[PDB]
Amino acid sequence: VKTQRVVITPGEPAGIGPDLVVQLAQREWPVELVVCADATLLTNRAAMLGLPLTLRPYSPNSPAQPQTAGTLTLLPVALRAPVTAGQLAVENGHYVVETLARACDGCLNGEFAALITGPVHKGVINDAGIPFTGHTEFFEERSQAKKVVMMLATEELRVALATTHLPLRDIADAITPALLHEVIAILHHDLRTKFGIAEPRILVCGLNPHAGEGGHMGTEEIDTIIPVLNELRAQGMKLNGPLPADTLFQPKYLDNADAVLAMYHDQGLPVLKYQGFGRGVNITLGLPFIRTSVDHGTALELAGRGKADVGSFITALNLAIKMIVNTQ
C-alpha cells in the first residue's frame, strides 16, 4: 500500500475555515493533508490562534507522508487581496473558487483520494461575478457528473435528499420517476462503493405527511413513488417505504436501514441536525471521488477569535479517510 493524500479546501479566507484547518493540524493523521490555500493565510491565522504551524510543500513527485502534528502539506493558491478575519473582500471570491477548482481537478486526476471542504460564503463569490450556489453544484458541474446526491450523516444515521435547495413550492413537481431512479441508483451505488455495504438497505420517506394517508393527502406516493420503488425492488434493491417522515425515524426502521432518503431538504435534515450539532458530516454522492464537508457556516463573527469547534471538520475528515479504504 501507499500513503494516501487528501486535499482540504479551508474555504472563505475571512471565515472559520482556516481556523479549523489550523486546529485539525494539531494532531497526527494517517494520510497526508494537502491543504489548497494561501500559505500566508494559514501562517497568520495560526499565529492569531496562538497555534504552531509549519508547512511542507505539496510534492507530487515524492511519496506522500502521514501528516505529523503541527504540520500541513500546502498546495499554494494566491489570495487576491489581504485578509482580515471576519471581514469579506469581494476580490478574494476568485481565490475561493480557484482552490475549489484545483482541489476538484486534483481528485479527478488521481492526485488526491478524497476532498474535504471548509465553509464558503456564497454571497461574496457571487458578488465577485461568479455564479455559485454551493459546493455540491460546483463539483457536480466541474466533474461533469450526470447527477449528485447530497447526504448528511452522524454515524450510522445517514440521510440523503431526493431534492435539495428548491423553494418548497417546487418540490412536488420535481418528484418524477426519472429523478427517483437516478437518486436511488446513486444512493445505492455509493453506499456500496464508498461505504462498503454489500447489500444496502434504504429507508424511503413519502412526499406528503402520513405518506399520503391513502389518498386523502396527496397522490404522489401512489402515482410515482411506490411504483418506482417496486421497479427497483424487482431489480433486487432492498427498499422500505414510502413511510411517513414523522414515523420513519424510529429504531424499528432505522436499525435495519443503512440510509434514509428524504423527499426534500427540511424533511430530513432537522432530525439529523438535532442528533448533534458537531459530529455532523456533509457528503456528496455521485462524484468520481469522495467528497465530505463540514455541516456549518463560515461564522465570520468567530474567525480568529479562537472559539472554533473543529468537531464537524474532524469528523468530516475521519469519514473521508475511512471511506478511502472502500474505494482503494
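Note that residue numbering begins at 1 and tracks the sequence as displayed.
**Q** So which stretch wins on mean C-alpha B-factor, 70 to 78 or 144 to 152?
**A** Taking the mean C-alpha B-factor of 70 to 78 and of 144 to 152, the larger value falls to 144 to 152.
**Q** Check the entry's C-alpha temperature factors for 246 to 254 and 156 to 164, then say which stretch has the higher mean.
**A** Mean CA B-factor is higher for 246 to 254.
**Q** Which of these, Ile202, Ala85, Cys205, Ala178, has its C-alpha atom at the highest B-factor, as the entry lists it?
**A** That would be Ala85, according to the entry.
**Q** Checking the entry, which one of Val22, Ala320, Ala308, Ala14 has the top C-alpha B factor?
**A** The record points to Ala308.
**Q** Among the chain's modelled residues, which third holds the C-alpha B-factor of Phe132?
**A** Top third by C-alpha B-factor.
**Q** In terms of the chain's CA B-factor thirds, is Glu91 lowest, middle or highest?
**A** Its C-alpha B-factor belongs to the highest third of this chain's values.
**Q** Could you look up the Cα B-factor of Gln267 in the entry and say which third of the chain it sits in: lowest, middle or highest?
**A** According to the entry, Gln267 has a C-alpha B-factor in the chain's lowest third.
**Q** Splitting the chain's C-alpha B-factors into thirds, which one does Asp190 fall into?
**A** Within its chain, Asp190 is a middle-third residue by C-alpha B-factor, going by the deposited values.
**Q** In terms of the CA temperature factor given in the entry, to which third of its chain does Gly215 belong: lowest, middle or highest?
**A** Its C-alpha B-factor, which the entry lists for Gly215, ranks in the highest third among residues of this chain.
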